[PDB]
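Before any comments, here is the structure.
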Amino acid sequence: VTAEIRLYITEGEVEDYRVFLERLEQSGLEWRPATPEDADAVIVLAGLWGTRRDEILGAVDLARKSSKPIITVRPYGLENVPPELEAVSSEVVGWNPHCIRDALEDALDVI
């Protein structure tokens with residue numbers, strides 16, 4: 001069967017970005033790298049907020065014209081996300097397998 005979903009992740013340089021890729025792999029669910037213009041789920045890491053905030057900003061603008069599928073993932077625990085994401089954010093999760101699953105099936109049921 002081909003139930004894979006269209007996901008997208010931002011580019012980072014911290015080691016948390018790699019550890020995240022491995023976890024998603026252990027998930028087992030099928031996922032494919034879709035462009036940021038036609039993506040169904042955009043998992044953005046809040047760890048690159050004090051580094052590539054100018055880049056993430058763009059991903060948001062484009063997301064404001066595609067259902068705004070922007071999900072914020074808490075940082076490994078170095079700081080705290082500001083009140084500027086929960087405002088234009090559609091879903092927010094942390095380092096959990098069930099949490100990411102709730103925000104995923106959320107993009108499916110579009111009412």
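Ligands are numbered from 1 in the order shown, chains are lettered A, B, ... in the order of the structure tokens, and residues start at 1 in each chain.
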Practice task
For residue 59 in chain A, list every protein, DNA or RNA residue within 12 Å, evaluated using only C-alpha atoms, and leave out those in the same chain fewer than 2 positions away; present the list as a ChimeraX atom specification.
Solution key: /A:8-11,35-39,41-45,52-57,61-66,68-71,88-89
For the selection just defined, write its residues with N, CA, C and O atoms to a file, as a short mmCIF file (atom, residue, chain, number, x, y, z; two decimals), in the first residue's frame.
```cif
data_model
loop_
_atom_site.label_atom_id
_atom_site.label_comp_id
_atom_site.auth_asym_id
_atom_site.auth_seq_id
_atom_site.Cartn_x
_atom_site.Cartn_y
_atom_site.Cartn_z
N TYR A 8 7.97 17.54 5.90
CA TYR A 8 9.11 18.44 5.54
C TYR A 8 9.80 18.91 6.82
O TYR A 8 9.17 19.16 7.82
N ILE A 9 11.10 19.02 6.79
CA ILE A 9 11.83 19.46 8.01
C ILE A 9 12.80 20.59 7.65
O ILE A 9 13.29 20.67 6.54
N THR A 10 13.09 21.46 8.58
CA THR A 10 14.03 22.58 8.29
C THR A 10 15.47 22.08 8.41
O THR A 10 15.74 21.09 9.07
N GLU A 11 16.39 22.75 7.78
CA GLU A 11 17.82 22.31 7.86
C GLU A 11 18.46 22.91 9.11
O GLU A 11 18.30 24.08 9.40
N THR A 35 8.11 19.14 -1.14
CA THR A 35 8.51 20.58 -1.12
C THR A 35 7.71 21.32 -0.05
O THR A 35 6.71 20.82 0.43
N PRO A 36 8.16 22.50 0.29
CA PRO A 36 7.51 23.34 1.30
C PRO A 36 6.27 24.01 0.70
O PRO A 36 5.50 24.65 1.39
N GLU A 37 6.08 23.88 -0.58
CA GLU A 37 4.89 24.51 -1.23
C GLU A 37 3.76 23.48 -1.30
O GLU A 37 2.59 23.82 -1.29
N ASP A 38 4.09 22.22 -1.38
CA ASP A 38 3.03 21.17 -1.45
C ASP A 38 3.28 20.13 -0.36
O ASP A 38 3.23 18.94 -0.60
N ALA A 39 3.54 20.56 0.84
CA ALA A 39 3.80 19.60 1.95
C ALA A 39 2.53 19.45 2.79
O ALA A 39 1.76 20.37 2.94
N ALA A 41 2.70 18.09 6.02
CA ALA A 41 3.11 18.29 7.44
C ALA A 41 4.52 18.89 7.48
O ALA A 41 5.47 18.30 7.01
N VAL A 42 4.66 20.06 8.05
CA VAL A 42 6.01 20.69 8.12
C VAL A 42 6.50 20.69 9.57
O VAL A 42 6.11 21.53 10.36
N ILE A 43 7.35 19.77 9.92
CA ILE A 43 7.87 19.72 11.32
C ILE A 43 9.05 20.68 11.47
O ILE A 43 10.13 20.43 10.98
N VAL A 44 8.85 21.79 12.13
CA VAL A 44 9.96 22.77 12.31
C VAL A 44 10.58 22.59 13.69
O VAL A 44 9.89 22.43 14.68
N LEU A 45 11.88 22.61 13.78
CA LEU A 45 12.55 22.45 15.10
C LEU A 45 12.71 23.82 15.77
O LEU A 45 13.22 24.74 15.17
N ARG A 52 18.65 30.31 12.94
CA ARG A 52 18.11 30.59 11.58
C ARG A 52 16.67 31.11 11.70
O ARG A 52 15.77 30.62 11.05
N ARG A 53 16.46 32.10 12.53
CA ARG A 53 15.08 32.65 12.68
C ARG A 53 14.66 33.34 11.38
O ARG A 53 13.50 33.38 11.04
N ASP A 54 15.60 33.87 10.65
CA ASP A 54 15.26 34.55 9.37
C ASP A 54 14.77 33.52 8.36
O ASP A 54 13.86 33.76 7.59
N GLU A 55 15.37 32.36 8.34
CA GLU A 55 14.94 31.30 7.38
C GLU A 55 13.56 30.77 7.78
O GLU A 55 12.63 30.78 7.01
N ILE A 56 13.43 30.30 8.99
CA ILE A 56 12.11 29.77 9.45
C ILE A 56 11.01 30.77 9.10
O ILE A 56 9.95 30.40 8.64
N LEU A 57 11.24 32.03 9.34
CA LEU A 57 10.20 33.05 9.02
C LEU A 57 9.62 32.78 7.64
O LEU A 57 8.42 32.74 7.46
N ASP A 61 5.61 32.20 6.20
CA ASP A 61 4.85 32.97 5.17
C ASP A 61 4.26 32.00 4.14
O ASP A 61 3.08 32.02 3.86
N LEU A 62 5.08 31.16 3.56
CA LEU A 62 4.57 30.20 2.55
C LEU A 62 3.53 29.28 3.19
O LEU A 62 2.58 28.86 2.55
N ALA A 63 3.69 28.97 4.44
CA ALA A 63 2.71 28.07 5.12
C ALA A 63 1.40 28.82 5.33
O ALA A 63 0.35 28.23 5.50
N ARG A 64 1.44 30.13 5.33
CA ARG A 64 0.19 30.92 5.53
C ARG A 64 -0.69 30.81 4.29
O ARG A 64 -1.79 31.33 4.25
N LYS A 65 -0.23 30.14 3.27
CA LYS A 65 -1.05 30.01 2.03
C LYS A 65 -1.21 28.52 1.69
O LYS A 65 -1.55 28.17 0.57
N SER A 66 -0.98 27.65 2.63
CA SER A 66 -1.13 26.20 2.34
C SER A 66 -1.69 25.48 3.58
O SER A 66 -1.21 24.44 3.97
N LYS A 68 -1.31 26.32 6.42
CA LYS A 68 -0.41 26.63 7.57
C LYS A 68 -0.13 25.36 8.38
O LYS A 68 -0.44 25.30 9.56
N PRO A 69 0.44 24.37 7.73
CA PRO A 69 0.79 23.09 8.38
C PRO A 69 2.12 23.23 9.12
O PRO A 69 3.04 22.46 8.91
N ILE A 70 2.24 24.20 9.98
CA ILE A 70 3.52 24.39 10.71
C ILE A 70 3.42 23.81 12.12
O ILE A 70 2.63 24.25 12.93
N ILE A 71 4.22 22.83 12.43
CA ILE A 71 4.19 22.22 13.79
C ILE A 71 5.49 22.59 14.51
O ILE A 71 6.57 22.46 13.97
N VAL A 88 1.10 31.85 15.37
CA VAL A 88 0.92 31.38 13.97
C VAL A 88 1.22 29.88 13.90
O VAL A 88 1.60 29.37 12.87
N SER A 89 1.05 29.18 14.98
CA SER A 89 1.33 27.72 14.98
C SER A 89 0.01 26.94 14.90
O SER A 89 -0.99 27.35 15.46
#
```
Handout entry: Those of chain A in DSSP helix (DSSP H, G or I), formatted as a PyMOL selection string
Key = chain A and resi 15-27+46-48+53-63+97-108
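You can rank A:78, A:97, A:60, A:14 by their closest distance to residue 26 in chain A using only C-alpha atoms, and at the top of that list sits A:97.
Minimum atom-to-atom distances from A:81, A:29, A:19, A:73 to residue 49 in chain A were compared using only C-alpha atoms, and the lowest value belongs to A:81.
By chain and then residue number, the residues within 12 Å of residue 101 in chain A are residues 24, 27, 28, 29, 41, 43, 71, 91, 92, 93, 94, 95, 96, 97, 98, 99, 103, 104, 105, 106, 107 and 108 of chain A, counting only C-alpha atoms and disregarding those fewer than 2 positions away in sequence.
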Exercise for the section: Tell me, in Å to one decimal, how far CA of residue 76 in chain A is from CA of residue 23 in chain A. Expected result: 13.5 Å
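Distance-wise, CA of residue 47 in chain A and CA of residue 67 in chain A end up 23.4 Å apart.
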Practice task
Work out how far apart CA of residue 5 in chain A and CA of residue 21 in chain A are and give it in Å to one decimal.
Solution key: 15.6 Å
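Proximity to residue 100 in chain A was assessed for A:51, A:87, A:33, A:74 counting only C-alpha atoms; the smallest distance is recorded for A:74.
Considering only C-alpha atoms, the residue among A:2, A:25, A:72, A:82 positioned nearest to residue 50 in chain A is A:82.
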Practice task
Give the strand (DSSP E or B) residues of chain A, as assigned by DSSP on the backbone, as an MDAnalysis selection string.
Solution key: chainID A and resid 5:9 31:33 41:45 70:73 91:93
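With only C-alpha atoms as the atoms that count, the minimum distance from residue 46 in chain A to the choices A:30, A:22, A:58, A:17 is reached by A:17.
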